[PDB]
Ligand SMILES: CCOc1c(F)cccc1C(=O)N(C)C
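Shown next as structure tokens: one chain only, the form solved without the named molecule.
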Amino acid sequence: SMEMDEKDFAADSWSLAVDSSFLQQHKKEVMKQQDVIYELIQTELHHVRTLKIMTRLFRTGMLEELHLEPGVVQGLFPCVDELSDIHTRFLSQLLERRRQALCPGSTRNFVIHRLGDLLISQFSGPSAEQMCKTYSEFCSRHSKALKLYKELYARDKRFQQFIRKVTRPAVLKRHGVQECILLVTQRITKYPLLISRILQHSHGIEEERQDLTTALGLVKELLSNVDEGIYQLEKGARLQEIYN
């Protein structure tokens, strides 16, 4: 992540991120709504950061430092470039919505009143088809990636020194290779929980309540399609095992 966004999302809530003199001007219902929107953006910023650790620290580091057999790095980090493009673009839209909502003279005080339309756009049309195809591929390759990692760590000395080196810093404590893979798989099922709680505090404007209800339905349809499109790949699986 970049320092400007890390500082904008350092606080534990929207009510602690804005100035207290700004917080005081709003009704409790607005504060509750903004705290959940802030958590959606903060966790999306962290999710994009997990993808950058996968692409830039692990993937590129293995290609530039190690002599792994061709196709091994792709097996450890399936679809990471596609996932990075999807979520970095979505994060850019969320952060631009917050930025346009800032008060003049402030880099911290804002209220986002119109999130529903952005969520409908993300979870419909070509962007939803791309998310569906990419998570169906990623989640079907998840078990294979973990097994390949475990094999390389146990048998390859240079791979083990590389992993121990790049994951030594305290800021990587929760972000080893296997932890990144499961963080990505679990990201998509967080969205309905966050949207449902934003919707619970968005009844003041009927157009917004309707847009968030449509967005929640689209996210659930996407998750149902991804879940139906998963079949775990296994290295060395035989055709007989697959068709049976």
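Position 1 is the first residue in the sequence shown; the rest follow in order.
Below, we refer to the form deposited with the named molecule bound, which is not included among the displayed structures.
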- Message: Taking the named molecule in the deposited bound form and overlaying it onto this form via the surrounding C-alphas, would you call the pocket open or blocked, using 3+ ligand atoms within 2.4 Å of backbone or C-beta atoms as the cut?
- Response: open
- Mind checking whether each of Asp85, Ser127 and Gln130 has a heavy atom within 4.5 Å of the named molecule in the deposited bound form? yes
- Message: With a cut-off of 4.5 Å between heavy atoms, is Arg89 one of the residues that contacts the named molecule in the deposited bound form?
- Response: yes
